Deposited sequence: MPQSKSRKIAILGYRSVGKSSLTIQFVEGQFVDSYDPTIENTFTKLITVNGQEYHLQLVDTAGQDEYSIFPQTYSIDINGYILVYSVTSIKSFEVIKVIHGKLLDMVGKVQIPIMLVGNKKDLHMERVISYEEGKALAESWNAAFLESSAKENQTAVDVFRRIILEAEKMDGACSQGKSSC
């Protein structure tokens, strides 16, 4: 196949940078503001090891620790990006809860510590995120939605991990 279609769900607490990361990747800009309440799908082509992938990216409207896990975050998903902010302990606590609920529902998973540019506000070390990801047997990256290459790196990585392990469009 010239272009392999994949669907990726982006999960996490409100304000961690889900929309900003996704838009930096898709549009190549740091969006001034994007409605915190809106759940939308983005479409983007990316080449990974010479293979083009056609990405359907579900930018979710964010869950907290008390949220029911939407069945629609589980159907036909090829990979999950779980995002927290390195400046928010709450967001880190919440991503652990989301992960548990995700496993209950269902798996290529990666964990992303966002806002790495905000050095004065950081409260979570790289090493703490990394240790969590290892316990999940998941990939780990830190990112800033203000830095294009770090956003691109996140989406390339989930594809890399997905390919390490069905439905036809013409039939």
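Numbering the deposited sequence from 1, one finds several regions with no C-alpha coordinates, namely 1, 108 to 111, 171 to 175.
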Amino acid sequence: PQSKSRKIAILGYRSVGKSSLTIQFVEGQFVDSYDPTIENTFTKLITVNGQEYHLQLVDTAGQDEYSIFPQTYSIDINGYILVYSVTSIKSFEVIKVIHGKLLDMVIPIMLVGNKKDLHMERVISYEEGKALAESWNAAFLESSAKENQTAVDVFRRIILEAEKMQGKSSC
From here on, numbers count along this sequence of modelled residues.
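If you superpose the two forms and keep the largest set of C-alpha atoms that fall within 1.5 Å, you have the rigid core.
Superposing on the core and measuring CA offsets in 4 other deposited structures of this protein, the stretch of 56 to 64 and 28 to 36 with the greater mean deviation is 28 to 36. With each structure aligned by its rigid core, the stretch whose Cα atoms sit farther from this model in 4 other deposited structures of this protein, between 45 to 53 and 119 to 127, is 45 to 53.
Of the two stretches examined, 45 to 53 and 30 to 38, the record assigns the greater average C-alpha temperature factor to 30 to 38. As the entry records it, the average C-alpha temperature factor is higher for 67 to 75, out of 67 to 75 and 83 to 91. Across 154, 162, 16, 23, the greatest Cα temperature factor reported in the deposited entry is at 162. When the CA B factors of the chain's modelled residues are split into thirds, the value for residue 113 lands in the lowest one. Split the chain's modelled residues into thirds by C-alpha temperature factor. Residue 125 is in the middle one. In the deposited entry, the Cα temperature factor of residue 60 sits in the middle third of values across the chain's modelled residues. The deposited CA B-factor of residue 105 belongs to the highest third of values across its chain.
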